[PDB]
Amino acid sequence: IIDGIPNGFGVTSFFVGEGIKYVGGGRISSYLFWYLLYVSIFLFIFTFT
Amino acid sequence: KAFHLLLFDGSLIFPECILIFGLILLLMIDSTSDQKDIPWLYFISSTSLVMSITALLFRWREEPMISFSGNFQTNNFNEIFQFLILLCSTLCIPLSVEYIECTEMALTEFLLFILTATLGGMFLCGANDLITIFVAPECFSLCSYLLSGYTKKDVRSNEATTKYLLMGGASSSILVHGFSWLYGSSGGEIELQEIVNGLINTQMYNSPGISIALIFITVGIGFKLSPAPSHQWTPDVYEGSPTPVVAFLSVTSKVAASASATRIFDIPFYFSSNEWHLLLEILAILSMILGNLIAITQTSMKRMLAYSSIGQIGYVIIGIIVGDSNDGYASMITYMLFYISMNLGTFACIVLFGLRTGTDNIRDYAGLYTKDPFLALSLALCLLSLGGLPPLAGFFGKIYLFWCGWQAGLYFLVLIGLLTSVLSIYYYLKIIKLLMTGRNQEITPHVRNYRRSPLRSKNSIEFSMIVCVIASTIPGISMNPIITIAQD
Amino acid sequence: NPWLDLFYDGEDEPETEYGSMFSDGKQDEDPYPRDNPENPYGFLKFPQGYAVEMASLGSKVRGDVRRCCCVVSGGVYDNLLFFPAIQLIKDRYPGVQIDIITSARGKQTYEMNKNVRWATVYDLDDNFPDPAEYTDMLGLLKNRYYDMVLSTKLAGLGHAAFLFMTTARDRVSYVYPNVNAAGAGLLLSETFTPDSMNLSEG
Amino acid sequence: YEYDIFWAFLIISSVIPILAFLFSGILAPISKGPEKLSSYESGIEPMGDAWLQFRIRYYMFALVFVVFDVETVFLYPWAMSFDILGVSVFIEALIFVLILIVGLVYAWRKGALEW
Amino acid sequence: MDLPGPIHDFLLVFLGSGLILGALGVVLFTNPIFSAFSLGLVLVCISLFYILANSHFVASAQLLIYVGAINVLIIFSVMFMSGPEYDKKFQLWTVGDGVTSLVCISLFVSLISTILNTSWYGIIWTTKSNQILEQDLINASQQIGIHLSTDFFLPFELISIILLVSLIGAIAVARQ
Amino acid sequence: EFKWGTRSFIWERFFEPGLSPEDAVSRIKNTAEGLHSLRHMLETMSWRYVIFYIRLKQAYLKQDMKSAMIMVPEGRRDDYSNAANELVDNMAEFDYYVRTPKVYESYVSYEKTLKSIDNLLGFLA
Amino acid sequence: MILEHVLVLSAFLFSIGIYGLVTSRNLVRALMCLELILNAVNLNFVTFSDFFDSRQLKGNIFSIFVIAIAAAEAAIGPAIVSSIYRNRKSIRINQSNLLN
Amino acid sequence: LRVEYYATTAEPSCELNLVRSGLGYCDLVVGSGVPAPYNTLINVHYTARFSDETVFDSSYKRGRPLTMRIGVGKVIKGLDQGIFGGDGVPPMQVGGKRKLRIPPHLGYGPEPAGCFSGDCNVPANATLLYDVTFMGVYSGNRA
Ligand SMILES: CCC[C@H]1CC[C@H]([C@H]2CC[C@@H](O[C@@H]3O[C@H](CO)[C@@H](O[C@H]4O[C@H](CO)[C@@H](O)[C@H](O)[C@H]4O)[C@H](O)[C@H]3O)CC2)CC1
């Protein structure tokens with residue numbers, strides 16, 4: 001219980017890092033699409049709303 | 001006519017004219033003579049990059065001036081950044097001449113591209129116009145596309161060049177769309193300190209078209225600095241490019257883009273500080289969080305250094321965020337000066353290890369202490385300086401960066417920086433943990449047949465000018481800031 | 001499945017060549033990089049054009065493995081029956097180093113094996129392990145840098161995540177034939193569904 | 001105005017092929033046949049459809065031509081302003097012409113312009 | 001110094017429709033040759049737009065340079081691709097195109113909600129002194145020459161260095 | 001409020017209901033004031049600014065003169081219409097002398113347009 | 001007049017070019033869509049110079065420089081395309097995902 | 001109409017020296033520095049009010065003085081005549097504080113400025129009042 005908190009922190013850090021590493025794909029089209037979705041989100045946030 | 005007005009203004013860009021003359025002389029000698037000699041190319045690259053600093057230091061005390069009809073601003077802020085670019089090129093030439101020569105390829109073209117990227121990085125540092133804030137980083141980005149694919153035969157370099165060219169055509173066109181929006185809704189003004197006045201003259205300083213320009217400019221610049229989801233171009237390019245060019249693009253690209261971001265967010269965009277402050281805060285928090293978390297799950301050294309760079313850029317972004325009042329820009333430098341030595345040393349060790357070994361995987365770094373204790377010691381010192389470990393440059397740089405953040409009331413940013421710095425120890429310690437394995441069964445045959453050889457080599461001098469800096473600048477962090485708070 | 005791998009663009013074209021070096025053959029046939037005794041600085045001999053770091057090219061192009069981790073469940077019998085698989089890994093991948101994770105009883109089976117480098121004891125049957133022991137084993141697997149990991153244990157979500165955090169290029173496992181193994185194949189490179197809830201029934 | 005004549009002339013110049021096509025369509029007969037519509041291959045039956053795939057070293061002059069077109073485009077405004085200004089623009093464009101000459105020399109020596 | 005009003009607006013609408021058709025042909029054609037030929041229509045329409053506004057030199061520069069670029073593009077697309085492939089003909093639709101269509105539609109809507117909300121004629125009447133030409137410079141190309149030679153000296157040589165280095169890199173990379 | 005000229009011209013042209021006569025007369029007055037202020041730009045031979053101003057004010061007047069007929073009483077509504085037509089003709093001449101620019105003829109048409117619009121304001125009151 | 005419509009078209013071009021930049025399964029087509037995006041930017045610059053800069057012509061000069069940069073990119077690639085086709089004999093960019 | 005609320009204390013009043021162009025000015029503080037140079041970038045502080053003494057703009061709102069190239073028509077004609085001088089108006093000197101009354105024909109004219117999204121920043125035919133303060137000539141380095 002008490003020792004599960006720091007080891008749990010490490011395990012969750014490892015899992016989230018692996019998930020973010022593996023979730024993209026490594027293809028150039030995916031890179032461009034993810035690079036442009038956040039531009040669209042920023043434009044909708046700071047101009048529309 | 002007189003050829004004088006340009007002649008007196010042409011002496012202001014004399015350090016860049018020295019680079020242009022060295023470039024032309026190198027190209028002419030390469031074309032004229034059939035035979036190729038390494039020492040002459042070394043001499044011309046060095047004497048081009050040590051005479052620009054000689055002329056720039058002679059121009060330090062001179063009065064600030066805007067020359068070429070509102071096209072080039074010389075003051076205290078840009079001179080330091082131009083000196084940083086020149087230092088990066090000077091410490092990257094020995095990294096490149098050995099590496100490209102051992103690949104049996106033409107080297108005069110590589111030196112030409114490096115010199116042109118330096119020339120296009122010095123112009124970006126002071127670029128007091130909107131056309132030359134586009135042309136100068138296109139003197140850098142195009143050479144970066146020509147580089148990082150100069151290998152021309154590895155199946156990794158072609159894909160890296162594809163990704164770099166496509167993603168940097170995606171950026172630097174959003175940036176120019178933002179430039180067009182900023183130029184249109186201002187009254188046809190492009191000089192940096194003349195469009196806030198133009199915005200008031202047209203009374204469009206609160207127009208919805210100004211928010212589009214700010215967002216597009218911030219996106220096009222955060223591509224080059226690579227914080228936050230504009231980071232995906234970095235690791236692949238860093239994983240599939242030759243090591244000297246990627247070290248250059250790690251230190252030279254961030255300096256020029258940091259200078260452009262500081263001169264484009266403060267001079268022409270001070271009226272809307274509450275928007276790009278939030279944009280940079282998001283861009284920095286996401287950068288540290290998603291550059292330090294992914295770096296601990298890396299099996300390749302260059303890709304891990306890529307995630308490292310996109311993590312350390314978020315610390316520097318805090319210097320822009322706090323502003324010039326609570327130091328700020330004086331904490332961008334005195335950390336970028338640190339960061340240059342940190343990354344160039346940790347890349348010089350990688351260059352030597354790969355050349356003598358022939359690998360990039362981290363698992364082949366086991367047992368290097370038994371073979372080459374000096375190289376293992378230097379790489380460990382560079383990585384510990386990268387992690388902000390106490391007696392090395394990164395620790396004092398980070399506490400300088402966090403003092404101004406706390407002084408400006410940015411508790412969230414400093415807290416995220418400290419937590420990500422704690423996360424940023426597991427890597428920069430994993431490599432050392434490999435380096436100190438005495439288990440012969442876990443030692444890869446890549447380092448078992450390792451010959452250090454009884455010669456010094458150029459990279460050893462280049463990183464001995466560096467490892468002794470990242471450790472012995474820790475007392476000299478009072479001499480540096482008094483040169484960086486003097487600028488304003 | 002389209003929603004997972006966007007921009008798929010099918011498989012590779014038949015005329016793709018994947019470069020010249022580190023393209024065909026096995027691991028023991030690579031001629032570059034080779035020793036350069038005439039180099040005064042100890043640098044190796046590298047081919048024209050190619051980048052200096054070439055050892056990482058074989059994993060991406062040819063799919064070479066150098067360190068393999070076989071997490072074999074069961075006791076003496078299952079670990080003994082896994083011997084032809086270990087010999088198959090050694091034959092298919094020359095120069096590979098194979099490490100085994102198994103129970104206390106199964107670790108003694110690999111005393112008479114000539115192919116295993118390390119044999120490690122880990123309580124695989126415990127569904128709620130000690131956090132310190134689990135973290136130590138996971139970090140050990142991460143620090144060995146396995147190219148591929150194979151699991152004969154029927155993997156649910158937890159075992160799939162444990163194999164996922166190993167940083168292995170290939171994650172291959174047997175999975176539960178029931179509905180409790182949903183989402184395990186997302187975290188594994190390859191999945192096998194046995195004919196029963198007990199793999200030793202075969 | 002000096003440019004409405006340009007637009008009218010462009011419209012007429014685009015209309016002329018349309019008129020020719022319409023006149024040919026309403027005058028010439030159509031007598032299509034499967035032998036007539038076959039691609040001409042000097043009598044013999046064509047093999048696979050066209051396509052040549054030149055070598056790169058042959059078509060490397062085009063990359064020189066792209067740059068040289070930009071250089072010759074940039075040289076025109078300087079020539080338009082050569083008389084209003086003085087030797088300043090002469091010194092300015094001398095470097096442009098010298099860089100053009102150096103690039104031509106590089107393309108000549110490296111074998112890009114060799115066939 | 002313009003065309004008649006209705007003629008100007010009709011030309012704007014017609015060239016805009018042609019530009020839309022060309023761009024849609026670019027982004028919907030499988031063959032790089034067909035999409036390049038649609039790109040040429042886009043280039044011609046954009047040059048006509050430049051002629052429409054006031055740019056009689058920028059239109060000619062666009063025509064020359066971009067016509068060279070498309071000719072080179074067609075040559076290198078012929079040389080670097082498979083058989084002529086008239087059967088390819090509007091590449092298939094995937095989910096990965098459908099999501100990006102929505103993203104680009106959102107981006108275009110965000111831009112057009114700003115363009116349609118900003119009074120662009122109001123800015124023109126505020127920049128009065130920026131529209132008082134020098135009476136001696138009758139030729140517009142003469143003004144563009146003077147302001148290229150004097151106002152922009154540093155980019156004028158930077159672009160020369162850029163072109164030289166780009167030529168060298170193109171020769172070095174593409175050589176066999 | 002401002003009632004016009006506060007968004008893009010195409011949006012107010014195509015996606016707005018239009019102006020009431022009580023705002024149309026005010027737009028007539030503002031157009032007359034802008035025409036009076038255009039003299040300095042006419043004297044500096046800035047034909048592009050003048051042609052933009054003339055086209056925009058024409059596009060305003062074609063709606064405003066038509067919709068301000070209600071405020072004119074019946075005893076003058078024909079004569080006012082004549083004046084309106086006269087103004088249009090004058091502006092057309094001004095158009096013809098800013099595109100294909102001339103100095104003397106554009107100034108003549110400018111004075112004629114000023115007189116015609118002053119008569120139109122006199123009719124509208 | 002309806003000059004602002006040009007701006008609309010430019011925005012459309014940008015978005016279309018952006019779309020063509022992402023769904024590109026041929027890097028020559030990606031280069032062409034890069035030219036499309038730069039052309040939209042140039043359209044914005046030219047119409048803004050017409051609107052506000054009838055004397056200085058800063059937008060026209062910037063358009064010339066953007067055309068120069070676009071041609072420099074069009075010279076650098078397809079030379080990069082040439083290297084890729086010489087080494088891999090394939091152009092489809094989404095099929096190359098070795099670095100990931 | 002689209003006035004951003006900024007609370008600022010008023011400046012001392014004056015008698016306005018009207019000139020031929022219609023501009024009114026007074027010298028609250030006569031600067032002891034260099035007069036406003038032609039074709040030069042200068043930093044000044046201003047507080048732009050409408051008629052009826054309602055402030056719509058201020059360089060103190062943005063926190064730093066505005067930098068403009070004076071003498072070459074990059075601002076409204078009233079501001080250029082007030083700062084750079086000419087036509088009976090002496091040029092302002094560094095450190096000088098001057099009040100200005102710009103008539104509509106010297107300002108934005110009968111056309112509203114800053115019109116977007118259903119409102120405009122400056123109405124048509126508005127007389128503007130400027131409490132300009134010549135902070136100095138632009139320099140690359142601050143003290
Ligand atoms: C809760 C923790 C955070 C998060 C949960 C979800 C986690 C991912 C894990 C895996 C990922 O995989 C997806 O599936 C695809 C298979 O096709 C991949 O594509 C591959 O394709 C090839 C093998 O088929 C490989 O060669 C390629 O490298 C890779 O692209 C694709 O990456 C990914 O979309 C989905 C959910 C992450 C942690």
# chains A, B, ... in the order shown; residues from 1 in each chain; ligands from 1
>>> residues_near_ligand(ligand="ligand 1", cutoff="9 Å", atoms="only C-alpha atoms and all ligand atoms", output="VMD selection string")
(chain A and resid 12 15 to 27) or (chain C and resid 1 to 6 8 161 164 169 183 185 to 189) or (chain G and resid 97 to 100)
>>> residues_around(residues="residue 27 in chain G", least_positions_apart="4", cutoff="8 Å", atoms="only C-alpha atoms", output="list in words")
residues 162 of chain B; 31, 81, 91, 92 and 93 of chain G
>>> residues_around(residues="residue 75 in chain C", least_positions_apart="5", cutoff="12 Å", atoms="only C-alpha atoms", output="CSV table (one decimal) with N, CA and C atoms, in the first residue's frame")
chain,number,residue,atom,x,y,z
C,80,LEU,N,11.0,-27.4,-20.5
C,80,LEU,CA,11.7,-28.4,-21.3
C,80,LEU,C,11.1,-28.5,-22.8
C,81,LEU,N,9.8,-28.5,-22.9
C,81,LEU,CA,9.2,-28.5,-24.2
C,81,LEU,C,9.4,-27.2,-25.0
C,82,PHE,N,9.8,-26.1,-24.4
C,82,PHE,CA,10.2,-24.9,-25.1
C,82,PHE,C,11.6,-25.0,-25.7
C,101,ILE,N,12.5,-16.1,-18.6
C,101,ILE,CA,11.8,-15.8,-17.3
C,101,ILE,C,10.8,-16.9,-17.1
C,102,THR,N,10.9,-17.5,-15.9
C,102,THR,CA,10.1,-18.7,-15.5
C,102,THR,C,10.0,-18.8,-14.0
C,103,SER,N,9.4,-19.9,-13.6
C,103,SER,CA,9.2,-20.1,-12.2
C,103,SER,C,10.5,-20.7,-11.6
C,104,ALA,N,10.5,-20.9,-10.3
C,104,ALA,CA,11.7,-21.5,-9.6
C,104,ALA,C,12.0,-22.9,-10.1
C,105,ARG,N,11.0,-23.7,-10.3
C,105,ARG,CA,11.2,-25.1,-10.8
C,105,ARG,C,11.6,-25.1,-12.2
C,106,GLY,N,11.0,-24.2,-13.1
C,106,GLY,CA,11.4,-24.2,-14.5
C,106,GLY,C,12.8,-23.6,-14.8
C,107,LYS,N,13.3,-22.9,-13.8
C,107,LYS,CA,14.7,-22.3,-14.0
C,107,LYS,C,15.7,-23.4,-14.0
C,108,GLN,N,15.5,-24.4,-13.3
C,108,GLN,CA,16.5,-25.5,-13.2
C,108,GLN,C,16.5,-26.4,-14.5
C,109,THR,N,15.5,-26.2,-15.3
C,109,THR,CA,15.5,-27.0,-16.6
C,109,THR,C,16.6,-26.5,-17.5
C,110,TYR,N,16.9,-25.2,-17.5
C,110,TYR,CA,17.8,-24.6,-18.4
C,110,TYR,C,19.3,-24.7,-17.9
C,121,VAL,N,14.1,-16.2,-12.2
C,121,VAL,CA,12.9,-16.7,-11.5
C,121,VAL,C,12.0,-15.5,-11.3
C,122,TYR,N,10.7,-15.7,-11.6
C,122,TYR,CA,9.7,-14.6,-11.4
C,122,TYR,C,8.4,-15.3,-11.2
C,123,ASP,N,7.7,-14.9,-10.2
C,123,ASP,CA,6.4,-15.6,-9.9
C,123,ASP,C,5.3,-15.1,-10.8
C,124,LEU,N,5.2,-15.8,-12.0
C,124,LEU,CA,4.3,-15.3,-13.0
C,124,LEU,C,2.8,-15.6,-12.6
C,125,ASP,N,2.6,-16.7,-11.8
C,125,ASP,CA,1.2,-17.1,-11.4
C,125,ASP,C,0.6,-16.1,-10.5
C,153,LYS,N,2.7,-17.5,-21.5
C,153,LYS,CA,1.6,-17.3,-20.6
C,153,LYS,C,0.5,-16.6,-21.3
C,200,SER,N,-0.9,-26.1,-21.6
C,200,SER,CA,-0.3,-27.3,-21.4
C,200,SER,C,-1.2,-28.5,-21.7
>>> select_by_dssp(residues="chain A", states="alpha helix (DSSP H)", output="ChimeraX atom specification")
/A:4-23,28-43
>>> atom_distance(atom1="CA of residue 83 in chain D", atom2="CA of residue 3 in chain B")
14.2 Å
>>> interface_residues(of="chain E", to="chain B", cutoff="8 Å", atoms="only C-alpha atoms", output="ChimeraX atom specification")
/E:111,114-115,118,123-124,126-127,130,150-155,158-159,161-162,165-166,168-169,173
>>> residues_around(residues="residue 36 in chain A", least_positions_apart="2", cutoff="12 Å", atoms="only C-alpha atoms", output="PDB file with C-alpha atoms, in the first residue's frame")
ATOM      1  CA  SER A  29       0.738  12.192 -43.243  1.00  0.00           C
ATOM      2  CA  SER A  30      -0.105  11.518 -39.594  1.00  0.00           C
ATOM      3  CA  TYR A  31       2.571  14.034 -38.572  1.00  0.00           C
ATOM      4  CA  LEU A  32       1.045  16.720 -40.796  1.00  0.00           C
ATOM      5  CA  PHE A  33      -2.513  15.935 -39.673  1.00  0.00           C
ATOM      6  CA  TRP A  34      -1.614  16.144 -35.981  1.00  0.00           C
ATOM      7  CA  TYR A  38      -3.932  21.723 -33.047  1.00  0.00           C
ATOM      8  CA  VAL A  39      -3.591  24.773 -35.304  1.00  0.00           C
ATOM      9  CA  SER A  40      -7.300  24.427 -36.088  1.00  0.00           C
ATOM     10  CA  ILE A  41      -8.069  24.020 -32.370  1.00  0.00           C
ATOM     11  CA  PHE A  42      -6.065  27.144 -31.488  1.00  0.00           C
ATOM     12  CA  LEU A  43      -7.790  29.128 -34.240  1.00  0.00           C
TER      13      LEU A  43
ATOM     14  CA  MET B 167       6.836  19.394 -42.233  1.00  0.00           C
ATOM     15  CA  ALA B 170       3.924  22.951 -43.732  1.00  0.00           C
ATOM     16  CA  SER B 171       5.546  25.433 -41.394  1.00  0.00           C
ATOM     17  CA  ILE B 174       1.691  29.076 -42.141  1.00  0.00           C
ATOM     18  CA  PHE B 216       0.136  31.352 -37.332  1.00  0.00           C
ATOM     19  CA  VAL B 219       2.903  27.865 -34.810  1.00  0.00           C
ATOM     20  CA  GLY B 220       5.518  28.515 -37.490  1.00  0.00           C
ATOM     21  CA  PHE B 223       7.850  24.246 -35.326  1.00  0.00           C
ATOM     22  CA  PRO B 229       2.758  19.078 -30.746  1.00  0.00           C
ATOM     23  CA  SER B 230       4.986  20.916 -33.237  1.00  0.00           C
ATOM     24  CA  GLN B 232       7.065  15.435 -34.291  1.00  0.00           C
TER      25      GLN B 232
ATOM     26  CA  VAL E  99     -11.138  13.373 -40.915  1.00  0.00           C
ATOM     27  CA  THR E 100      -8.702  15.794 -42.555  1.00  0.00           C
ATOM     28  CA  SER E 101     -11.493  17.075 -44.799  1.00  0.00           C
ATOM     29  CA  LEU E 102     -13.403  18.037 -41.643  1.00  0.00           C
ATOM     30  CA  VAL E 103     -10.284  19.616 -40.114  1.00  0.00           C
ATOM     31  CA  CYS E 104      -9.576  21.676 -43.244  1.00  0.00           C
ATOM     32  CA  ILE E 105     -13.244  22.690 -43.495  1.00  0.00           C
ATOM     33  CA  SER E 106     -13.039  23.939 -39.901  1.00  0.00           C
ATOM     34  CA  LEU E 107      -9.837  25.851 -40.708  1.00  0.00           C
TER      35      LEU E 107
ATOM     36  CA  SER G  15      -7.115  25.046 -46.901  1.00  0.00           C
ATOM     37  CA  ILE G  18      -3.330  22.045 -46.579  1.00  0.00           C
ATOM     38  CA  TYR G  19      -5.707  19.193 -47.400  1.00  0.00           C
ATOM     39  CA  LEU G  21      -0.512  18.304 -48.068  1.00  0.00           C
ATOM     40  CA  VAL G  22      -1.914  15.669 -45.716  1.00  0.00           C
TER      41      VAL G  22
END
>>> interface_residues(of="chain C", to="chain A", cutoff="7 Å", atoms="only C-alpha atoms", output="ChimeraX atom specification")
/C:7,131-132,135,165
>>> write_last_selection(atoms="N, CA, C and O atoms", output="PDB file, in the first residue's frame")
ATOM      1  N   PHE C   7      -4.075   6.778 -42.368  1.00  0.00           N
ATOM      2  CA  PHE C   7      -3.116   6.970 -43.462  1.00  0.00           C
ATOM      3  C   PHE C   7      -2.295   5.702 -43.705  1.00  0.00           C
ATOM      4  O   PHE C   7      -1.066   5.734 -43.780  1.00  0.00           O
ATOM      5  N   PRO C 131       4.737  -4.618  -5.505  1.00  0.00           N
ATOM      6  CA  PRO C 131       5.091  -3.492  -6.388  1.00  0.00           C
ATOM      7  C   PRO C 131       6.586  -3.319  -6.585  1.00  0.00           C
ATOM      8  O   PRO C 131       7.026  -2.994  -7.696  1.00  0.00           O
ATOM      9  N   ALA C 132       7.384  -3.553  -5.541  1.00  0.00           N
ATOM     10  CA  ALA C 132       8.829  -3.404  -5.663  1.00  0.00           C
ATOM     11  C   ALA C 132       9.420  -4.474  -6.571  1.00  0.00           C
ATOM     12  O   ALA C 132      10.239  -4.176  -7.445  1.00  0.00           O
ATOM     13  N   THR C 135       8.252  -3.839 -10.201  1.00  0.00           N
ATOM     14  CA  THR C 135       8.967  -2.706 -10.778  1.00  0.00           C
ATOM     15  C   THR C 135      10.420  -3.061 -11.075  1.00  0.00           C
ATOM     16  O   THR C 135      10.963  -2.650 -12.107  1.00  0.00           O
ATOM     17  N   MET C 165       5.584  -2.386 -21.736  1.00  0.00           N
ATOM     18  CA  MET C 165       6.579  -1.536 -21.088  1.00  0.00           C
ATOM     19  C   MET C 165       7.997  -2.094 -21.173  1.00  0.00           C
ATOM     20  O   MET C 165       8.902  -1.517 -20.561  1.00  0.00           O
TER      21      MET C 165
END
>>> interface_residues(of="chain E", to="chain D", cutoff="7 Å", atoms="only C-alpha atoms", output="list in words")
residues 3, 61, 65, 68, 69, 72, 78, 79, 83, 84, 141, 142, 144, 145, 146, 149, 160, 163, 164, 167, 170, 171, 175 and 176 of chain E
>>> atom_distance(atom1="CA of residue 79 in chain F", atom2="CA of residue 107 in chain F")
26.2 Å
>>> closest_residue(among="C:97, C:23, C:180, C:113", to="chain G", atoms="only C-alpha atoms")
C:23
>>> closest_residue(among="E:97, E:52, E:32, E:44", to="residue 7 in chain E", atoms="only C-alpha atoms")
E:52
>>> interface_residues(of="chain B", to="chain H", cutoff="8 Å", atoms="only C-alpha atoms", output="ChimeraX atom specification")
/B:64-65,73-76,193-194,196-198,201-204,207,270-271,486-488
>>> write_last_selection(atoms="N, CA, C and O atoms", output="compact mmCIF listing (two decimals), in the first residue's frame")
# COMPACT_ATOMS: atom_id res chain seq x y z
N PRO B 64 23.94 51.04 -31.35
CA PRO B 64 22.89 50.30 -32.06
C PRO B 64 22.38 51.10 -33.25
O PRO B 64 22.20 52.32 -33.16
N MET B 65 22.13 50.41 -34.35
CA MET B 65 21.68 51.10 -35.56
C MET B 65 20.85 50.16 -36.42
O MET B 65 21.04 48.94 -36.42
N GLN B 73 18.92 45.23 -37.82
CA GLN B 73 19.10 45.94 -36.55
C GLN B 73 20.29 45.35 -35.80
O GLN B 73 20.34 44.14 -35.56
N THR B 74 21.24 46.21 -35.45
CA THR B 74 22.39 45.83 -34.63
C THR B 74 22.24 46.49 -33.27
O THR B 74 22.19 47.72 -33.18
N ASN B 75 22.17 45.67 -32.23
CA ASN B 75 22.12 46.15 -30.85
C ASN B 75 22.78 45.09 -29.97
O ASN B 75 23.46 44.18 -30.46
N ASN B 76 22.58 45.21 -28.66
CA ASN B 76 23.23 44.30 -27.72
C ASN B 76 22.58 42.92 -27.71
O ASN B 76 23.27 41.93 -27.45
N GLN B 193 9.49 47.39 -35.57
CA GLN B 193 8.99 48.46 -34.70
C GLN B 193 8.26 49.54 -35.49
O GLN B 193 8.44 50.74 -35.25
N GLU B 194 7.39 49.14 -36.40
CA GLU B 194 6.57 50.11 -37.12
C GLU B 194 5.17 49.61 -37.43
O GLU B 194 4.41 50.33 -38.08
N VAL B 196 3.01 48.07 -34.89
CA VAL B 196 2.12 48.40 -33.79
C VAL B 196 1.56 49.80 -33.97
O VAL B 196 0.38 50.05 -33.73
N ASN B 197 2.41 50.73 -34.40
CA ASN B 197 1.94 52.06 -34.78
C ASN B 197 1.00 51.99 -35.98
O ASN B 197 -0.01 52.69 -36.02
N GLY B 198 1.34 51.16 -36.96
CA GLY B 198 0.46 50.99 -38.11
C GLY B 198 -0.87 50.36 -37.73
O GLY B 198 -1.90 50.69 -38.32
N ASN B 201 -2.86 53.13 -36.26
CA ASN B 201 -3.23 54.06 -37.33
C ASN B 201 -4.43 53.55 -38.12
O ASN B 201 -5.30 54.34 -38.52
N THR B 202 -4.51 52.24 -38.35
CA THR B 202 -5.69 51.64 -38.96
C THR B 202 -6.73 51.20 -37.93
O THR B 202 -7.81 50.75 -38.33
N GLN B 203 -6.42 51.32 -36.64
CA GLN B 203 -7.32 50.96 -35.54
C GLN B 203 -7.77 49.50 -35.63
O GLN B 203 -8.90 49.16 -35.30
N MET B 204 -6.86 48.63 -36.06
CA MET B 204 -7.14 47.20 -36.18
C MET B 204 -6.37 46.38 -35.16
O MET B 204 -6.18 45.17 -35.36
N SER B 207 -8.57 43.66 -34.01
CA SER B 207 -9.26 42.96 -35.08
C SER B 207 -9.14 41.45 -34.89
O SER B 207 -8.16 40.96 -34.32
N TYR B 270 3.55 43.38 -28.54
CA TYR B 270 3.46 43.64 -27.11
C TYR B 270 2.06 44.03 -26.66
O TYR B 270 1.74 43.89 -25.48
N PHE B 271 1.23 44.53 -27.58
CA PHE B 271 -0.12 44.95 -27.22
C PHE B 271 -1.03 43.77 -26.88
O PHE B 271 -2.00 43.95 -26.15
N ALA B 486 22.78 43.46 -19.29
CA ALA B 486 23.14 44.73 -19.91
C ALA B 486 22.35 44.99 -21.18
O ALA B 486 22.16 46.15 -21.55
N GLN B 487 21.88 43.95 -21.85
CA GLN B 487 21.05 44.12 -23.03
C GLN B 487 19.62 44.39 -22.60
O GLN B 487 19.18 43.98 -21.52
N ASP B 488 18.89 45.11 -23.45
CA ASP B 488 17.49 45.44 -23.19
C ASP B 488 16.79 45.82 -24.48
O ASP B 488 17.40 45.82 -25.55
>>> atom_distance(atom1="CA of residue 417 in chain B", atom2="CA of residue 136 in chain C")
27.1 Å
